[PDB]
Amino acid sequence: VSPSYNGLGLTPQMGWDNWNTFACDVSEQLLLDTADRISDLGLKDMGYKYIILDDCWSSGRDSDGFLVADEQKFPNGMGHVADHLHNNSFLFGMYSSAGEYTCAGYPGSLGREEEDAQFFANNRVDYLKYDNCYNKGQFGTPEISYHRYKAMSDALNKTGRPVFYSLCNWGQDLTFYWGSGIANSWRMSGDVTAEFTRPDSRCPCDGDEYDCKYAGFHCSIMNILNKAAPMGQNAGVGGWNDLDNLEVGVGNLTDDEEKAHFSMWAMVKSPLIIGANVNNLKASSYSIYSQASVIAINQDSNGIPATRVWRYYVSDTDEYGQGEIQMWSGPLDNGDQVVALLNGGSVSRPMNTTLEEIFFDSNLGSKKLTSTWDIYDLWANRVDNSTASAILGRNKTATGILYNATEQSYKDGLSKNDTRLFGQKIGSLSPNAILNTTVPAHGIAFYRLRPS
């Protein structure tokens, strides 16, 4: 454990990034309309407060060497976008790359950290996503990558404006080891894609290669989760592993895959940044994003990512030859435990565990193993497709339906035993008894255990 380096990231950040769905075709108008939508839908007040502008926003540099925002896309400048966002109680993110160019070929910040940090401060930016394209040979060992990333960290600090600092170097040179002292989160892999399991030749490292020499992209949800599994021990208050933006409401993932994806990103204390087009967001994907109970896990005070207890390969493999089952378990701040039974097989199956596996670090005869625990389904009381479609078509308000974390923080709601945050009691687990369920294909059983 260590204090946060800058006082931010006390829990993993939440928000939205305009990329996964809009590429270089961004404007003040897109960004603010979408911002309005996220507020209207009650997602802002759930915690999704960072509106992150991604690549392709700039037009080059002025005569003083200073970044210039594209005047066609942003006729009032960035500072003006910031103010609008702040006036609707949003936080504002921007993007650059620790290299000569950004990934899409725009001006990068390598060797221009001071001016560029100053640009972000002058434009009242609250958050920086900091990429790793065209890094000019400045990678290959922990030391050289750390110093390249420390250079922007220090330059942001020098501006005296608080900036949440988000590393995007894909776990290159063992980022989990060095990120915390200079940054609030770090991408620990190549880009995610809307595929639950699919191996891809553009993502050459498999789920077991957490230390990868070619991060790539188009990595599956499970490839990324698998790489992240040993890394939980290097995350914590102030500095989080980042498993990349959520693909919920993007492409063609099933409701089960989307739930597993969301539940798992939450449990390992990843940032929850929406990759969906929230103006073309479908009903089922919306109610996944807005599941307060699950966000409560992510936003646990003094957050500890959960541990993979076990992993087995099954014969029920999918069209891509993939098929495994996993159990994860982790402690929660109020003494509760989160448990996940994850069915990455291609068929529905019975899944099972015991108290000895759940409290994998408790001794025989300890109180945890000797006591009874009520089981709470974290997926109960999810917003039905009807209500969600209503809200999405502006026929019903989100107010009084969605949990309002701005009004009541996750910590305080948890203290007040707030039903919206614990799911639904479905049973109890005694010593020497098994916990059984049937878990859908590419799905999840996701529980919170509380003492009886």
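The first residue of the sequence shown is number 1, and the count goes up from there.
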Of 350-358 and 232-240, the one with larger mean CA B-factor: 350-358
Comparing 361-369 with 269-277, the one whose average Cα B-factor in the PDB entry is higher: 361-369
For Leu435, the third of its chain into which the C-alpha B factor falls: highest
Modelled-residue ranking by C-alpha temperature factor, third containing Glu71: highest
Chain-wide C-alpha B factor ranking for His80, given as lowest, middle or highest third: middle
Ranked against its chain, the third holding the CA B-factor of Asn157: middle
For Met188, the third of its chain into which the C-alpha B factor falls: lowest
